[PDB]
């Protein structure tokens, strides 16, 4: 039985705009399979462009928010989870806020000065490729000032577990660094997601600094590969990355266990920790082609499923099964959609 506000997240609350994309779109915007890029000026027309498409699916997104609200949904006790992010003063932001309240997720949103609008993600779906283009928008305005308000910082102080995705490096590194230091100094549980290859490539300093306060690190194969390359881990890159991340000193230099989990799609996921000489494979339930509805957000669900069980005392293997279950539930649904809790099985 977990205390209220036991779990705290901060991140970028975003609206996902899911569209069946034509094949030209990927060439036109130079987009890649299973990837995400932050919108540059050359990308900006995509939002007006996909808005001309029918069958648009609008749904609340944001990597950290996805994970934290599913932890809340899984555990099913009201107000166990807390979330902080920055939205705009528009209908999109209000929809995202109402979605959180419907889930019994305690929030303290910062509202961006008008007319800065709530961030959005163009999620381009096709049989050939899936790809995301993110316009952070209001999420950038998330500040240390808002986080340090007595009524918001108190959510951080009461939490024993934190989840922050690497994506927040781009929006409020100062805040996530402050929370990370608070966690380590108080011997709490800080969970960190590598989130995307571009973070390890262009924000290497920030990723490695975050790892040094993280008790648990989540990643996927492409993130491990990009991380490995940037660190000169030429051979055996994915295994080497898992070992390297697990063994990085903590910021206070204190001897401590860090757990690293690298997912690999349909292939066995890898896990190890700093006390473990070996890297373990964990077999994953094989999916048929027709079973897969939408894998977008599966990694976010995986993290939620793992943490929700792990923080309630379930052993490593049991928690991994819970993580796969979470991801599988999301894979069989469109966008990060959480239905009635009774049907979770």
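Positions refer to the first chain, counted from 1.
For the pair 157-165 and 231-239, the mean B factor over Cα atoms is greater in 231-239. Stretches 147-155 and 167-175 differ in mean C-alpha B factor, with the higher average recorded for 147-155. Of the residues listed, 203, 267, 76, 134, the entry assigns the biggest Cα temperature factor to 76.
Comparing C-alpha B-factors across 14, 21, 327, 10 in the deposited entry, the largest value falls on 21. Ranked within its chain, residue 277 lands in the highest third, by CA B factor from the PDB record. Annotation for residue 40: C-alpha temperature factor in the highest third relative to the rest of the modelled chain, per the entry. Placement of the Cα temperature factor of residue 25 within the chain: highest third of the modelled residues, per the deposited record.
The PDB entry assigns residue 98 a C-alpha temperature factor belonging to the middle third of its chain's modelled residues. Looking at the C-alpha B-factors along this chain, the one for residue 85 belongs to the lowest third.
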